[PDB]
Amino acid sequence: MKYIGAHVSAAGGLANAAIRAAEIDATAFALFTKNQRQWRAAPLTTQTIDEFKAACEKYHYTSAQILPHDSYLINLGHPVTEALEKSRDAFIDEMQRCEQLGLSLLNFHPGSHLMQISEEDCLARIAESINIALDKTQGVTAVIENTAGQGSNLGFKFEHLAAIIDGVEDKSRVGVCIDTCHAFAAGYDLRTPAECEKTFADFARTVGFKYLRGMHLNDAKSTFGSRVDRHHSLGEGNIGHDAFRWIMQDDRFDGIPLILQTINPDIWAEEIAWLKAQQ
């Protein structure tokens, strides 16, 4: 089985994310659990938590179908240690909100070296950040998202993901999410079925499908290897529709949230329906 949805809005409360997912016939969804703009969000209230759980139950979203995204302001590889510590505190808080909400996955971009430390040192800082969060929480898997590699962002090579995982002690609670736009922008081609297989064999040799915990299904406005992150609606960008059909027909992508972050929410229900029909 595949679980297919979108990163929907949590405006008016977290439970509305589940409602919005059901209104586009999603079988998965992503959301932010707080505003992306504060190192301290107010505590989740017992009512927010219960409304969210009640809506997930009403619309049949189990923990395995939901892929929250952390704030884009967190940098778990920050070269400045006081900033690193603020990002680690924020990340622990995000993981704890997932605990409270009954969520079992948390997707995040790994971090950025800001030209102040080496790639290896940054990746090690990121692995330690994950270890710290996993020591302070239970039941939530840290899902590392690949990136386009814009600026000093890491995680654009599959080897970066593997290097982080190698440094994580509790391998049972780390995994990865592959965003197709980010992969393409980083230089992993997806424009033909043969190129898709080549890219995913690379992923298999370097990371392995045992760590795959989510996908983000995005076409790309940016160009191949551009290292720019600009999504597009399915079929309208530089990747094209074939990659998405290929993914939908491959059983290695079963049982995990497959999340659109495409740029026109007015057509999400149609994109979800098209993806389901490609199976």
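For every residue, the number given is its place in the sequence shown, counted from 1.
For the segment pair 157-165 and 177-185, the entry gives 157-165 the higher mean B-factor, averaged over Cα atoms. Across the two stretches, 225-233 and 46-54, the PDB entry reports the greater mean Cα temperature factor for 46-54. Per the PDB record, 136 has a higher Cα B-factor than any other of 191, 205, 136, 198. By the numbers in the PDB entry, the CA B factor is greatest at 83 among 83, 143, 148, 76. In this PDB entry, residue 246 carries a Cα temperature factor that places it within the lowest third of its chain's modelled residues. Among the modelled residues of its chain, residue 272 has a C-alpha B-factor that falls in the lowest third according to the deposited record. Annotation for residue 72: CA B-factor lies in the highest third of the chain's modelled residues. The deposited CA B-factor of residue 41 belongs to the highest third of values across its chain. Among the modelled residues of the chain, residue 22 sits in the middle third by CA temperature factor in this PDB entry.
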